[PDB]
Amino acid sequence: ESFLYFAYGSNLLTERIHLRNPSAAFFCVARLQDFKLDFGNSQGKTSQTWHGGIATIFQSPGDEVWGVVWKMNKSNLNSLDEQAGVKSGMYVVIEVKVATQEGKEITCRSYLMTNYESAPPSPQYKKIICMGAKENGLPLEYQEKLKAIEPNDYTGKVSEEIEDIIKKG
């Protein structure tokens, strides 16, 4: 009746995931070996929520991606796929094996883009990701990596819920 979800993007932040998934429960922090983080425009299309490149991952030996594993009820599978834009070709559903800091291997559902053009994230998107990583105690080494991501030059506004989250941050 449950599944595990590996979040590496804006769903790193508790308040963000709980927006559409209030019953999501923190499971653990984990590392996905031999994948690299990237930001981009699915189908060449710019996120009208984020106004910049959005998070994705691809296989790349020697690289790693840290994220948060969330536990979720199986009844939320369709909703979570909807959120990720599966039917509209935005992300594909994946299965990955991630490692906890104690070396336990965890099988999780996640998402990645299959057809995108690489593009820098907006300041607000980067900030939510930065806040999530910090909140959930991802390695300091990884946190600084996220801090050093070059954002695009968007100086406009995102949704009030998101903007309010950053203000409280």
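Throughout, we count residues from 1 along the sequence that is shown.
For the pair 5-13 and 157-165, the mean B factor over Cα atoms is greater in 157-165. Among all modelled residues in its chain, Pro121 ranks in the middle third by Cα B-factor. In this PDB entry, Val92 carries a Cα temperature factor that places it within the middle third of its chain's modelled residues.
Sort the chain's modelled residues by C-alpha temperature factor and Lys127 lands in the middle third, per the entry. For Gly44, the recorded CA temperature factor ranks within the highest third of the chain's modelled residues. Placement of the Cα temperature factor of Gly62 within the chain: middle third of the modelled residues, per the deposited record.
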